[PDB]
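A.B. asks: The structure is given below, and queries will be raised subsequently.
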Amino acid sequence: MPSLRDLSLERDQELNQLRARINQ
Amino acid sequence: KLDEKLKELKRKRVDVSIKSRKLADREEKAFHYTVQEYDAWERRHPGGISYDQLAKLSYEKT
Amino acid sequence: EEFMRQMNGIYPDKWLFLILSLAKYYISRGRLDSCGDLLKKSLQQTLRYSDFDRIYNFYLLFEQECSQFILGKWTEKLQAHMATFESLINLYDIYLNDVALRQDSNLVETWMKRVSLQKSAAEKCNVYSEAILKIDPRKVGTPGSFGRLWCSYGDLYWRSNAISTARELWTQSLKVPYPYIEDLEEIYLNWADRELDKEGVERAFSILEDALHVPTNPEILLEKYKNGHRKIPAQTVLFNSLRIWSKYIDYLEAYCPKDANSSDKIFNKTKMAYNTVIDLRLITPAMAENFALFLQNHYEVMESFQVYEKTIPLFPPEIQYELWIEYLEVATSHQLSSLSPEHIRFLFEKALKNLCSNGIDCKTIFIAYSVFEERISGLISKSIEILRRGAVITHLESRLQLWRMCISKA
């Protein structure tokens with residue numbers, strides 16, 4: 001978990017910024 | 001009224017010369033490598049001895 | 001004057017003193033127009049900044065002194081002289097970069113400064129147009145810099161209006177035979193981002209999918225370009241860009257609704273984008289986990305494990321440790337995993353055999369194995385023996401932790 005899943009959870013959280021532009 | 005324009009031009013020109021002269025006087029990081037980069041990095045940076053083995057090693061050194 | 005030309009032929013090495021002396025002669029002879037155009041020609045012809053400073057300063061002071069002398073008195077001459085004086089004062093930044101446009105004409109950074117000094121965007125377009133023709137791709141030093149010039153040039157139109165003009169310009173950009181591939185990513189990633197805000201991400205996929213038309217025999221083309229020594233364009237190995245694959249995958253993954261399923265078109269497309277990255281061996285350990293977490297979030301857990309098994313063998317053991325931790329942590333505790341207990345034991349024993357065969361600290365896998373063995377069967381005796389195997393097998397602090405846990409549990 002701490003090594004790669006921790007980074008990937010941040011990636012899936014940064015994609016919310018892309019989702020805002022996706023819907024608009 | 002050209003005197004005032006000339007005065008302003010000289011004032012700016014002095015600064016231009018000063019600046020030009022000053023320019024004249026100068027005279028977690030490992031998780032992001034691809035598989036290909038790992039292949040490259042892993043290939044660029046990967047008692048007693050018998051007389052036959054010592055012989056081959058000496059030949060290779062020569 | 002004839003002797004002047006003769007030494008111009010004979011002594012080219014001290015041109016500065018020559019032009020200064022001949023300019024002094026021109027001023028002394030009353031040939032002010034001759035001095036003007038001579039100094040203009042010399043100033044345009046300078047190449048070193050120390051030489052430029054002396055000629056520029058001399059021109060500036062000559063204009064100042066001549067204008068003040070005429071003012072001491074003629075109107076037209078005075079007007080022209082102070083006009084040239086003010087022009088040379090203001091155009092210092094333009095002459096400054098004129099020097100650097102001859103030290104190295106294809107160094108695009110100077111062109112990105114020359115654009116900044118222009119007064120209006122109507123002129124910025126002209127300077128970009130000159131820069132594109134003057135710059136030759138084969139000699140652009142810093143990679144990924146000429147592409148920034150096309151990106152900025154397209155953005156200049158895009159900010160005002162005429163999106164069609166920006167697109168038609170960019171379609172010319174991708175046709176340029178670039179030497180490096182960072183220049184190509186800087187254009188595609190920018191074009192896709194700009195299209196995303198306007199025509200939706202459905203179009204934004206198309207821009208990147210055109211770049212990633214995977215060809216047959218990738219190894220042959222990668223060999224031809226890699227061993228071509230800048231002779232072969234980076235247009236042919238565009239499929240081998242991690243940054244384009246990453247952004248294409250980001251757009252696909254953000255476009256998949258959070259309740260996507262196997263029959264959804266975008267979810268299938270994301271699977272093909274990731275599987276093609278893995279096939280190309282462009283997958284990075286963070287992306288191999290990004291794929292596995294995407295699958296788990298979409299309840300395709302049993303196919304998440306196939307990602308881990310497809311990717312773990314490719315990386316060195318030091319990274320196989322992280323992916324093994326992820327794989328086993330998901331396998332042991334997740335409601336949708338259908339791995340039988342003998343399978344999860346097979347995974348654990350495989351991990352410990354492979355990693356300990358390479359000296360990697362395996363403390364976490366040993367602890368997880370002991371906890372799993374207590375969970376699944378309740379055989380405490382087997383759990384302790386597993387911990388003892390870890391402590392008995394150089395990472396002295398870990399072996400002291402496994403000895404304390406093994407003994408305390410016993």
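Every chain in the structure tokens takes a letter, A first, then B, and so on in the order presented; its residues are numbered from 1, and the ligands are numbered from 1 following the presented order.
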Per residue of chain A within 8 Å of chain C, note the shortest atom pair and the distance in Å to one decimal, counting only C-alpha atoms, and order the rows by chain and increasing residue number, as CSV.

C.D. replies:
```
residue,atom,partner,partner_atom,distance
A:1,CA,C:326,CA,5.8
A:3,CA,C:322,CA,6.4
A:4,CA,C:286,CA,5.9
A:5,CA,C:289,CA,6.7
A:7,CA,C:286,CA,7.3
A:8,CA,C:290,CA,5.6
A:11,CA,C:290,CA,7.9
A:15,CA,C:254,CA,5.8
A:16,CA,C:254,CA,7.5
A:18,CA,C:254,CA,6.4
A:19,CA,C:254,CA,5.7
A:21,CA,C:197,CA,6.4
A:22,CA,C:201,CA,6.3
A:24,CA,C:197,CA,7.7
```

A.B. asks: Please produce a file of the residues just selected, as a compact mmCIF listing (two decimals), in the first residue's frame, where the atoms kept are N, CA, C and O atoms.

C.D. replies:
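Final output, saved to result.txt:
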```txt
# COMPACT_ATOMS: atom_id res chain seq x y z
N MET A 1 0.79 -1.22 0.00
CA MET A 1 0.00 0.00 0.00
C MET A 1 0.83 1.29 0.00
O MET A 1 0.64 2.13 -0.87
N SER A 3 3.67 2.37 -0.88
CA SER A 3 4.55 2.77 -1.97
C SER A 3 3.78 3.20 -3.22
O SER A 3 3.90 4.35 -3.67
N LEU A 4 3.01 2.29 -3.82
CA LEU A 4 2.37 2.57 -5.10
C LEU A 4 0.88 2.85 -4.99
O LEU A 4 0.36 3.69 -5.74
N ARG A 5 0.16 2.18 -4.10
CA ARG A 5 -1.26 2.49 -3.95
C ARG A 5 -1.47 3.89 -3.40
O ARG A 5 -2.45 4.55 -3.74
N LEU A 7 0.44 6.53 -4.08
CA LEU A 7 0.56 7.44 -5.22
C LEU A 7 -0.65 7.36 -6.13
O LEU A 7 -1.15 8.38 -6.63
N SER A 8 -1.13 6.15 -6.40
CA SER A 8 -2.22 6.00 -7.34
C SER A 8 -3.52 6.58 -6.81
O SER A 8 -4.34 7.07 -7.59
N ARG A 11 -3.44 9.97 -7.77
CA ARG A 11 -3.74 10.15 -9.19
C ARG A 11 -5.25 10.16 -9.42
O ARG A 11 -5.78 11.01 -10.15
N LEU A 15 -7.51 13.38 -10.89
CA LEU A 15 -8.40 13.29 -12.03
C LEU A 15 -9.74 13.99 -11.81
O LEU A 15 -10.47 14.20 -12.78
N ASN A 16 -10.10 14.35 -10.58
CA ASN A 16 -11.29 15.17 -10.37
C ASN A 16 -11.15 16.53 -11.04
O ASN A 16 -12.14 17.08 -11.55
N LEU A 18 -9.56 16.97 -13.84
CA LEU A 18 -9.87 16.72 -15.24
C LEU A 18 -11.37 16.50 -15.43
O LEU A 18 -11.91 16.87 -16.47
N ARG A 19 -12.04 15.90 -14.44
CA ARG A 19 -13.46 15.62 -14.58
C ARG A 19 -14.27 16.91 -14.63
O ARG A 19 -15.31 16.98 -15.31
N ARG A 21 -13.37 19.70 -16.12
CA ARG A 21 -13.31 20.11 -17.52
C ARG A 21 -14.00 19.11 -18.43
O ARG A 21 -14.44 19.48 -19.53
N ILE A 22 -14.10 17.85 -18.01
CA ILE A 22 -14.81 16.84 -18.79
C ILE A 22 -16.28 17.21 -18.90
O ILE A 22 -16.85 17.24 -20.00
N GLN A 24 -17.86 20.13 -18.16
CA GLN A 24 -18.12 21.47 -18.65
C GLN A 24 -17.79 21.60 -20.14
O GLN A 24 -18.64 21.37 -21.00
```

A.B. asks: Could you give me, as CSV, every chain B residue with an atom at most 12 Å from chain A, plus its closest atom pair and distance in Å to one decimal, counting only C-alpha atoms, rows ordered by chain then number?

C.D. replies:
```
residue,atom,partner,partner_atom,distance
B:28,CA,A:3,CA,7.7
B:29,CA,A:3,CA,11.2
B:30,CA,A:3,CA,10.9
B:31,CA,A:4,CA,7.9
B:32,CA,A:4,CA,10.6
```

A.B. asks: Once you count only C-alpha atoms, what closest atom pair and distance in Å to one decimal does each residue of chain B within 9 Å of chain C have, with rows by chain and rising residue number, as CSV?

C.D. replies:
```
residue,atom,partner,partner_atom,distance
B:2,CA,C:71,CA,8.2
B:3,CA,C:71,CA,7.9
B:5,CA,C:82,CA,8.6
B:6,CA,C:82,CA,7.3
B:9,CA,C:86,CA,6.4
B:10,CA,C:64,CA,7.1
B:12,CA,C:89,CA,7.2
B:13,CA,C:89,CA,6.0
B:16,CA,C:89,CA,6.9
B:17,CA,C:57,CA,6.3
B:20,CA,C:53,CA,6.2
B:21,CA,C:53,CA,6.6
B:23,CA,C:49,CA,7.9
B:24,CA,C:50,CA,5.0
B:25,CA,C:50,CA,7.5
B:26,CA,C:50,CA,8.6
B:27,CA,C:50,CA,6.6
B:30,CA,C:319,CA,8.6
B:31,CA,C:285,CA,5.3
B:32,CA,C:284,CA,5.5
B:33,CA,C:284,CA,5.7
B:34,CA,C:284,CA,4.5
B:35,CA,C:281,CA,5.3
B:36,CA,C:281,CA,6.1
B:37,CA,C:282,CA,8.7
B:38,CA,C:315,CA,6.8
B:39,CA,C:315,CA,8.2
B:42,CA,C:316,CA,7.8
```

A.B. asks: Export C-alpha atoms of the chosen residues as a JSON list (two decimals), in the first residue's frame?

C.D. replies:
```json
[["chain", "number", "residue", "atom", "x", "y", "z"],
["B", 2, "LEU", "CA", 12.64, 70.31, -28.13],
["B", 3, "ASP", "CA", 14.97, 71.03, -25.19],
["B", 5, "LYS", "CA", 12.56, 66.14, -25.18],
["B", 6, "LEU", "CA", 16.34, 66.19, -25.62],
["B", 9, "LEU", "CA", 16.23, 61.42, -24.19],
["B", 10, "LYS", "CA", 19.66, 62.01, -22.66],
["B", 12, "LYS", "CA", 17.08, 57.63, -20.77],
["B", 13, "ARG", "CA", 20.20, 57.19, -22.92],
["B", 16, "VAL", "CA", 20.61, 52.58, -21.61],
["B", 17, "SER", "CA", 24.39, 52.93, -21.81],
["B", 20, "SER", "CA", 24.38, 47.85, -21.98],
["B", 21, "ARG", "CA", 27.82, 48.23, -20.40],
["B", 23, "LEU", "CA", 25.74, 43.31, -20.13],
["B", 24, "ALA", "CA", 29.06, 43.97, -21.92],
["B", 25, "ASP", "CA", 31.27, 43.36, -18.87],
["B", 26, "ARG", "CA", 30.24, 39.69, -18.78],
["B", 27, "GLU", "CA", 32.70, 39.13, -21.65],
["B", 30, "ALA", "CA", 12.15, 5.40, -9.30],
["B", 31, "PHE", "CA", 8.49, 4.44, -9.76],
["B", 32, "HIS", "CA", 8.28, 6.45, -12.99],
["B", 33, "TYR", "CA", 10.82, 4.65, -15.19],
["B", 34, "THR", "CA", 9.29, 2.67, -18.01],
["B", 35, "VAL", "CA", 10.00, -1.02, -18.46],
["B", 36, "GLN", "CA", 12.29, -0.04, -21.33],
["B", 37, "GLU", "CA", 14.26, 2.29, -19.07],
["B", 38, "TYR", "CA", 14.58, -0.51, -16.51],
["B", 39, "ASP", "CA", 15.95, -2.83, -19.20],
["B", 42, "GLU", "CA", 19.72, -3.09, -15.68]]
```

A.B. asks: Pull the helix (DSSP H, G or I) assignments for stretch 107-353 of chain C out of DSSP run on the backbone, and list those residues as JSON, numbers by chain.

C.D. replies: {"C": [108, 109, 110, 111, 112, 113, 114, 115, 116, 117, 121, 122, 123, 124, 125, 126, 127, 128, 129, 130, 131, 132, 133, 134, 137, 138, 139, 146, 147, 148, 149, 150, 151, 152, 153, 154, 155, 156, 157, 158, 159, 160, 163, 164, 165, 166, 167, 168, 169, 170, 171, 172, 173, 182, 183, 184, 185, 186, 187, 188, 189, 190, 191, 192, 193, 194, 195, 196, 197, 198, 199, 200, 201, 202, 203, 204, 205, 206, 207, 208, 209, 210, 211, 218, 219, 220, 221, 222, 223, 224, 225, 226, 234, 235, 236, 237, 238, 239, 240, 242, 243, 244, 245, 246, 247, 248, 249, 250, 251, 252, 253, 254, 255, 265, 266, 267, 268, 269, 270, 271, 272, 273, 274, 275, 276, 277, 278, 279, 285, 286, 287, 288, 289, 290, 291, 292, 293, 294, 295, 296, 297, 301, 302, 303, 304, 305, 306, 307, 308, 309, 310, 311, 312, 313, 314, 317, 318, 319, 320, 321, 322, 323, 324, 325, 326, 327, 328, 329, 330, 331, 332, 341, 342, 343, 344, 345, 346, 347, 348, 349, 350, 351, 352, 353]}

A.B. asks: Can you tell me, as a short mmCIF file (atom, residue, chain, number, x, y, z; two decimals) with C-alpha atoms, in the first residue's frame, what residues are no more than 10 Å from residue C:338 when counting only C-alpha atoms, ignoring any on the same chain fewer than 5 positions away?

C.D. replies:
```
data_model
loop_
_atom_site.label_atom_id
_atom_site.label_comp_id
_atom_site.auth_asym_id
_atom_site.auth_seq_id
_atom_site.Cartn_x
_atom_site.Cartn_y
_atom_site.Cartn_z
CA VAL C 301 -10.95 -7.52 -9.35
CA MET C 302 -10.24 -10.98 -10.74
CA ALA C 331 -5.67 -10.74 -2.95
CA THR C 332 -5.91 -11.49 0.77
CA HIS C 343 -3.77 -20.12 -4.55
CA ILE C 344 -3.03 -17.28 -2.15
#
```

A.B. asks: Could you pull the residues within 10 Å of stretch 384-398 of chain C, counting only C-alpha atoms, minus those fewer than 5 positions along the same chain, as a ChimeraX atom specification?

C.D. replies: /C:352,356,359-371,373-374,379,403-410

A.B. asks: With N, CA and C atoms retained, could you export that selection as a PDB file, in the first residue's frame?

C.D. replies:
```pdb
ATOM      1  N   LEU C 352       8.036 -14.845  -1.832  1.00  0.00           N
ATOM      2  CA  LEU C 352       9.164 -14.983  -0.923  1.00  0.00           C
ATOM      3  C   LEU C 352      10.337 -15.686  -1.593  1.00  0.00           C
ATOM      4  N   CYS C 356      13.537 -13.186  -1.961  1.00  0.00           N
ATOM      5  CA  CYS C 356      14.675 -13.591  -1.146  1.00  0.00           C
ATOM      6  C   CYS C 356      15.785 -14.212  -1.985  1.00  0.00           C
ATOM      7  N   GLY C 359      17.815 -11.061  -2.376  1.00  0.00           N
ATOM      8  CA  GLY C 359      18.287 -10.294  -1.244  1.00  0.00           C
ATOM      9  C   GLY C 359      17.437  -9.117  -0.839  1.00  0.00           C
ATOM     10  N   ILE C 360      16.246  -8.964  -1.410  1.00  0.00           N
ATOM     11  CA  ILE C 360      15.397  -7.840  -1.045  1.00  0.00           C
ATOM     12  C   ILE C 360      14.804  -8.086   0.334  1.00  0.00           C
ATOM     13  N   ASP C 361      14.729  -7.031   1.143  1.00  0.00           N
ATOM     14  CA  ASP C 361      14.110  -7.144   2.455  1.00  0.00           C
ATOM     15  C   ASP C 361      12.663  -7.570   2.273  1.00  0.00           C
ATOM     16  N   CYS C 362      12.317  -8.730   2.816  1.00  0.00           N
ATOM     17  CA  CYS C 362      10.982  -9.297   2.684  1.00  0.00           C
ATOM     18  C   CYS C 362      10.213  -9.316   3.998  1.00  0.00           C
ATOM     19  N   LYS C 363      10.464  -8.356   4.885  1.00  0.00           N
ATOM     20  CA  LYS C 363       9.807  -8.389   6.185  1.00  0.00           C
ATOM     21  C   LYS C 363       8.296  -8.259   6.049  1.00  0.00           C
ATOM     22  N   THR C 364       7.836  -7.314   5.231  1.00  0.00           N
ATOM     23  CA  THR C 364       6.404  -7.063   5.148  1.00  0.00           C
ATOM     24  C   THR C 364       5.661  -8.262   4.575  1.00  0.00           C
ATOM     25  N   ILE C 365       6.244  -8.931   3.583  1.00  0.00           N
ATOM     26  CA  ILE C 365       5.588 -10.105   3.025  1.00  0.00           C
ATOM     27  C   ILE C 365       5.548 -11.237   4.037  1.00  0.00           C
ATOM     28  N   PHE C 366       6.600 -11.393   4.846  1.00  0.00           N
ATOM     29  CA  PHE C 366       6.576 -12.425   5.881  1.00  0.00           C
ATOM     30  C   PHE C 366       5.502 -12.142   6.917  1.00  0.00           C
ATOM     31  N   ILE C 367       5.377 -10.887   7.340  1.00  0.00           N
ATOM     32  CA  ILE C 367       4.347 -10.541   8.312  1.00  0.00           C
ATOM     33  C   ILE C 367       2.959 -10.753   7.720  1.00  0.00           C
ATOM     34  N   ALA C 368       2.757 -10.329   6.472  1.00  0.00           N
ATOM     35  CA  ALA C 368       1.462 -10.519   5.831  1.00  0.00           C
ATOM     36  C   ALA C 368       1.143 -11.995   5.673  1.00  0.00           C
ATOM     37  N   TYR C 369       2.150 -12.803   5.354  1.00  0.00           N
ATOM     38  CA  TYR C 369       1.940 -14.236   5.225  1.00  0.00           C
ATOM     39  C   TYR C 369       1.551 -14.853   6.560  1.00  0.00           C
ATOM     40  N   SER C 370       2.211 -14.449   7.647  1.00  0.00           N
ATOM     41  CA  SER C 370       1.837 -14.984   8.953  1.00  0.00           C
ATOM     42  C   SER C 370       0.417 -14.581   9.329  1.00  0.00           C
ATOM     43  N   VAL C 371       0.052 -13.324   9.081  1.00  0.00           N
ATOM     44  CA  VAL C 371      -1.296 -12.871   9.412  1.00  0.00           C
ATOM     45  C   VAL C 371      -2.326 -13.615   8.581  1.00  0.00           C
ATOM     46  N   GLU C 373      -1.997 -16.603   7.296  1.00  0.00           N
ATOM     47  CA  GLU C 373      -2.056 -17.994   7.718  1.00  0.00           C
ATOM     48  C   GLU C 373      -2.839 -18.142   9.009  1.00  0.00           C
ATOM     49  N   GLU C 374      -2.736 -17.166   9.907  1.00  0.00           N
ATOM     50  CA  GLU C 374      -3.610 -17.165  11.074  1.00  0.00           C
ATOM     51  C   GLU C 374      -5.068 -16.969  10.680  1.00  0.00           C
ATOM     52  N   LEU C 379      -4.024 -21.959  11.961  1.00  0.00           N
ATOM     53  CA  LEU C 379      -2.856 -22.726  12.378  1.00  0.00           C
ATOM     54  C   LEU C 379      -1.801 -21.745  12.862  1.00  0.00           C
ATOM     55  N   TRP C 403      12.307 -11.734  14.933  1.00  0.00           N
ATOM     56  CA  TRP C 403      12.557 -12.583  16.091  1.00  0.00           C
ATOM     57  C   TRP C 403      11.691 -12.165  17.265  1.00  0.00           C
ATOM     58  N   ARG C 404      11.415 -10.866  17.395  1.00  0.00           N
ATOM     59  CA  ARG C 404      10.576 -10.439  18.507  1.00  0.00           C
ATOM     60  C   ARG C 404       9.128 -10.835  18.279  1.00  0.00           C
ATOM     61  N   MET C 405       8.652 -10.744  17.038  1.00  0.00           N
ATOM     62  CA  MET C 405       7.268 -11.124  16.772  1.00  0.00           C
ATOM     63  C   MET C 405       7.094 -12.632  16.838  1.00  0.00           C
ATOM     64  N   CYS C 406       8.016 -13.388  16.243  1.00  0.00           N
ATOM     65  CA  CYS C 406       7.915 -14.836  16.282  1.00  0.00           C
ATOM     66  C   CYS C 406       7.900 -15.327  17.720  1.00  0.00           C
ATOM     67  N   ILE C 407       8.819 -14.820  18.544  1.00  0.00           N
ATOM     68  CA  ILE C 407       8.919 -15.301  19.916  1.00  0.00           C
ATOM     69  C   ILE C 407       7.736 -14.842  20.756  1.00  0.00           C
ATOM     70  N   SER C 408       7.304 -13.590  20.608  1.00  0.00           N
ATOM     71  CA  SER C 408       6.152 -13.133  21.376  1.00  0.00           C
ATOM     72  C   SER C 408       4.899 -13.917  21.024  1.00  0.00           C
ATOM     73  N   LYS C 409       4.678 -14.181  19.739  1.00  0.00           N
ATOM     74  CA  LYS C 409       3.529 -14.982  19.342  1.00  0.00           C
ATOM     75  C   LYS C 409       3.612 -16.393  19.912  1.00  0.00           C
ATOM     76  N   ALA C 410       4.808 -16.981  19.905  1.00  0.00           N
ATOM     77  CA  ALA C 410       4.951 -18.314  20.474  1.00  0.00           C
ATOM     78  C   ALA C 410       4.692 -18.302  21.973  1.00  0.00           C
TER      79      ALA C 410
END
```

A.B. asks: What gap, in Å, lies between atom CA of residue C:220 and atom CA of residue C:239?

C.D. replies: 12.9 Å
